[PDB]
Amino acid sequence: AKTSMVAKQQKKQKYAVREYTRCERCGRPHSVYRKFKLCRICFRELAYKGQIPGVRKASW
Amino acid sequence: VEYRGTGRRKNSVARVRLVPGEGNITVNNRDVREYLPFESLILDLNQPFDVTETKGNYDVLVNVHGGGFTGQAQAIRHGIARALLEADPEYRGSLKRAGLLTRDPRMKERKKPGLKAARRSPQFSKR
Amino acid sequence: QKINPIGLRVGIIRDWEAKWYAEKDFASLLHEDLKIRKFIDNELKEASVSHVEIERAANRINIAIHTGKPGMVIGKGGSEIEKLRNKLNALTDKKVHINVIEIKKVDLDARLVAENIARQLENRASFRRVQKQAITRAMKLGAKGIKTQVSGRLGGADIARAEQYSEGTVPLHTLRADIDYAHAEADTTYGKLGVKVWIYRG
Amino acid sequence: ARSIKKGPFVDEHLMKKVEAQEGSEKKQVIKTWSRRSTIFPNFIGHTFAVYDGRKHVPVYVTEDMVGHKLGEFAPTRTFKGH
Amino acid sequence: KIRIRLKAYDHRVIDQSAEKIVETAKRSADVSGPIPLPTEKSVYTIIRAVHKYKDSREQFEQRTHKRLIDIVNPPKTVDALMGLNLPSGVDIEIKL
Amino acid sequence: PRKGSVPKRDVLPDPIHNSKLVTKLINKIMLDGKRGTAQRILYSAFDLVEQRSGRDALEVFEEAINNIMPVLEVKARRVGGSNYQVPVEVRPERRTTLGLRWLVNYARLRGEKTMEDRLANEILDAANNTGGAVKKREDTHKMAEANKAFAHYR
Amino acid sequence: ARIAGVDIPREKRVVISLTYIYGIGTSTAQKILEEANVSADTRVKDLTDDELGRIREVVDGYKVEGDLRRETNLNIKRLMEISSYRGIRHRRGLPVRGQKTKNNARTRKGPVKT
RNA sequence: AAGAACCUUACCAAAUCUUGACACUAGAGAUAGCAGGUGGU
RNA sequence: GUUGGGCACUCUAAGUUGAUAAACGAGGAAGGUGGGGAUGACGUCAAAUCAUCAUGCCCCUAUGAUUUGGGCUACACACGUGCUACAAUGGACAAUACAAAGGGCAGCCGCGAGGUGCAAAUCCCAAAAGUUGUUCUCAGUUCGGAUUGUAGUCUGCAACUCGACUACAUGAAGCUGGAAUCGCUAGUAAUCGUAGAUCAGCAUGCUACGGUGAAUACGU
Ligand SMILES: [Mg+2]
Ligand SMILES: [Mg+2]
Ligand SMILES: [Mg+2]
Ligand SMILES: [Mg+2]
Ligand SMILES: [Mg+2]
Ligand SMILES: [Mg+2]
Ligand SMILES: [Zn+2]
């Protein structure tokens, strides 16, 4: 994301509805999980390192 | 003086008690005919008394849960055959030949990513 | 095409590097963890750090640092680890306790071998020679197998390619095999070079 | 539609412009960006140069427009063709 | 009656901690054995690729294992179990 | 399939007429897994048959099926620039399949309002050697005997 | 027979037959036959003269047929006369409720013109 | 794109800023009394 | 089962088992890698991604930054993927059964949308198809609910462009679809509901869950 875009999302908005989420690692605005605050891409990379506790590849 | 058997079919579990009697079946304190929708289901679950030649010899008290009426009716059949093994282990030969001692291992298949269902693929167009 | 060897084995035969539990502060603790891991990577980039483990309990953070050169992390008289612990307590406002664990045989550690190759590539060393030397060293130290790969503009070529070498067995489909894996990047005048190392100890 | 319990929404800055001209005869055009303001009964007789995205277009308010949004009379898309 | 609840992401560390609480209570006084509560499984389905190819996904899970321990007729026990420190991945709720 | 033949699934006899053929008929009637509707149609149709004919419904139904089941069929074949409809003998299990399929398919095309009415009239018709399903069998034999010279192909 | 100026079908039950009046749907027909105490299952050819009179008096209290058509047409005319966004869509023959017109606007537009 | 009314948002118009967003009154508000770039390959 | 009482049965979840010179009936829950998943070799497409991120070179310090409003939702058309239908194996009305998997902290009187105990095996979100009856009677209709008018509810600073839902009214095309073309081998296809992520509000999409539940495979 653009640096101004990341900065603007971190500022307090004039209205509560203007608040939106970005990935806290890379700033991506799309596909951001609430539990981890990571986009789907960063979640995959960090889960591969074993750095997200309890998270592993699922099969059933 | 009763015999117990646990029957499973799909996601249904039946706890089956056999007491001597005239051939009544009660399912969750209801008559089997007021509990199941079809008579073909009733004939399916009375199979163990057929191959064993014990119709009208026991009463069935059933505590069943999970699944639908077909899975429950067939979990009761599995439970009755298992309970009949307790009454007389010599029933095993006739029950096994009829396939009534098998736990039907067929369960709902999981959906797969990319598919519309377990196996159903999306409509394809080479264009 | 080929799955990350670590990610496939995480939670199966490989343990998590983050050992803590949370429910509603999960995101806040996860990003304090990532804040710490980025700080340690930058502050100890010359100290041959293989990996960092983080344990949390009772407003305390226990950080284990597995390092090839533990005397640089601790410092002469414990002074370098006291300085790093003081800076971690400022990034965190929690009570951090740091443990240092020496890893003997740095030539059997995928991360250290990968970063050594990346450092040599930045010094214009032969992308073939660095891979072959690393493989010979690991196998002499009893490695069951090793695989190396350098990808990119090798030697400043205009067309990027991948050159890989191997020795021994590296059974990437065997789930119970503990395969050490790492990727590192060399910053050359021609752009990024990717270094991947697979090591199978046994 | 907006909940009746919340009343009809008008931007406060625009409403003060209308009330400032209340009790006059030489009404002057009110320039506004508030397409989302409901037209109130006291808007009748007034002209509103309403922003359509690139220019303020005049919207003269008659009684039959009361209760509509100001934006409903300043079209934002241009189409005359295929 | 002391009600102790254990939650962990790994079942091996939760059986180790559950046994330790059970021994500690019985080394002090009557404990109802570790009751295994149902595991919570949360699944995350992400797109594997970074830009397209929606039909290729990767699935991840987080499993929360749960244990319940009841201690009856304790007052050394309440301090004995309180003094215990469990592994880092286990969180314990003592409803003493 | 290429590997070989696959085992077939048995069915239970129906509770009323103790007939496996009747159960297979209900499955042909059934749509979208709705078995209760299919059973209701079949048993209502058999009541209509038993009183519009004066006989047992099952006995009429076996007569009707015997008049629909074909003995010879035609198979497509590519023979060096000329497609040849080779006549073959229908195996006993396929005879029952076609008998039940044609009975239901041509009962669905009739003009009676309810399916129980349509099925009962198809059964009564096929038991008198008439109706759409009997005609379809006749046209299959008429296509086969017109090609009995081609029996030498395989 | 003739209720609001329209000859409702004679062979049907009253609840259904009343819906052949412009302005009366299923729910209105039910309430009209509750107000005017007529059973819903009566065929309108079997309605007594008294029952038919009670229906016509309750129906008289509803805006139906040409009075309802005039009101609806006046509303559309007002939207077009003030040149609102909806009034413009009404005159152009396009959907007025924010539906997409790139595809699937055939009801308002008519058959395709390839 | 696993969530376009504002925000997102990049695109357009207008009103504004030039070590820069980041390292009670007036006004539609924003506002007054070396970095950056979702620019190209 | 709302509790006194018990851990019998069920269940929950840790451990432990769980049956082919090669190969080609008994016993057993299961017979031949049992069903499914994860796992995708050397390489090909200079295949996709400089817009997740990073980065060599080209490229200005206005292609950088802020806000309000508009647009991304346009509309003669063409194509792909879906949803709802064309009805009697059905529509409407009434009564009455049977799931699984998940989520939850400031979160889980009005005809109506709606308004005014539980941090979890505890409380909440929360089955339909089905079965039994009554009615409709083959009609573009008691099928269909597109479109449009009016009046509302809720979220949100704000539903004009451009939200969702509700009530009354309106009642379009559509009566099984040319050439051609797609999926599926069994708890599958078909069909019926349920849950989750994203998310103030917005799902006919995606991912996941169970209920009912087939036909056929002679052969290459
Ligand atoms: Mg938002
Ligand atoms: Mg916008
Ligand atoms: Mg290319
Ligand atoms: Mg760039
Ligand atoms: Mg778009
Ligand atoms: Mg209807
Ligand atoms: Zn990210």
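Protein chains get the first letters and strands the later ones, always in sequence-line order, with residue 1 at the start of each. Side chains are part of it too, since the values below use all heavy atoms of this structure and drop only hydrogens, waters and symmetry mates.
Residue A:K14 has no polar side-chain atom (N or O) positioned under 4.0 Å from OP1 or OP2 of H:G29.
Taking a 6.0 Å sphere around CZ of D:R54, one finds it holds 12 or fewer heavy atoms contributed by other residues, nucleotides or ligands.
No canonical Watson-Crick or G-U wobble pair links I:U63 to I:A8 with each of its two hydrogen-bond distances shorter than 3.5 Å. A canonical Watson-Crick pair (purine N1 to pyrimidine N3 plus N6-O4 or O6-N4) or a G-U wobble (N1-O2 and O6-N3), each contact under 3.5 Å, is absent between I:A146 and I:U89. For the criterion of Watson-Crick or G-U wobble pairing, both bonds shorter than 3.5 Å, the nucleotides I:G205 and I:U153 do not count as partners. The bases H:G20 and H:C34 are paired, Watson-Crick or G-U wobble, with both atom distances under 3.5 Å. Taken together, I:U194 and I:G69 do not qualify as a Watson-Crick or G-U wobble pair under the 3.5 Å criterion applied to both distances. A canonical Watson-Crick pair (purine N1 to pyrimidine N3 plus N6-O4 or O6-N4) or a G-U wobble (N1-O2 and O6-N3), each contact under 3.5 Å, is absent between I:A172 and I:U73. Taken as a pair, I:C118 and I:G107 qualify: Watson-Crick (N1-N3 plus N6-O4 or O6-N4) or G-U wobble (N1-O2 and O6-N3), both under 3.5 Å.
When each of D:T76 and E:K52 is assigned the nucleotide of RNA chain I bearing its nearest heavy atom, the one mapping closer to the 5' terminus is E:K52. Toward the 5′ end of RNA chain H lies the nearest nucleotide of A:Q13, the other residue of the pair A:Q13 and D:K55 mapping further downstream.
Judged by atom type and distance alone, G:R13 reaches the base of I:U142 through a side-chain donor-acceptor pair under 3.5 Å. In this model, a side-chain donor or acceptor of G:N103 finds a partner on the base of I:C79 within 3.5 Å.
Not both conditions hold for I:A46 and I:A47, whose six-membered rings lack centres under 5.5 angstrom apart with planes under 30 degrees, so their bases do not stack.
Of the charged side-chain nitrogens involved, none lies within less than 4.0 Å of a carboxylate oxygen, so that E:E40 and E:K7 do not count as a salt-bridged pair.
Between the P atom of I:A169 and the CG atom of G:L18 lies a distance of 12 Å, rounded to the nearest Å.
Anti is the classification of I:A22, since its glycosidic angle lies more than 90° from 0.
For the pair G:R69 and G:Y22, the cation sits on the ring face: its NZ or CZ lies under 6.0 Å from the ring centre, inside 45° of the axis.
With its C1'-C2'-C3'-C4' torsion below zero, I:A88 shows a south sugar pucker. For I:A94, the sugar pucker falls north, since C1'-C2'-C3'-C4' comes out positive. Nucleotide I:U122 carries a south-puckered sugar, as indicated by a negative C1'-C2'-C3'-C4' torsion. With its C1'-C2'-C3'-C4' torsion above zero, I:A200 shows a north sugar pucker. The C1'-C2'-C3'-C4' torsion of I:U141 is negative, which assigns its sugar to the south, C2'-endo side.
Considering every non-hydrogen atom in both E:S32 and E:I35, the closest pair reads OG-CD1, 3.6 Å.
When the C1' atom is used for both I:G144 and I:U170, the distance is 14 Å, rounded to whole Å.
For the 3.5 Å distance criterion, the side chains of B:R17 and B:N63 fail to qualify, holding no donor opposite an acceptor. For A:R18 and A:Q13, the side-chain atoms include no donor-acceptor pair closer than 3.5 Å.
Nucleic acid contact for A:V32: sugar-phosphate only, since backbone atoms but no base atoms lie under 4.0 Å from a heavy atom of the residue.
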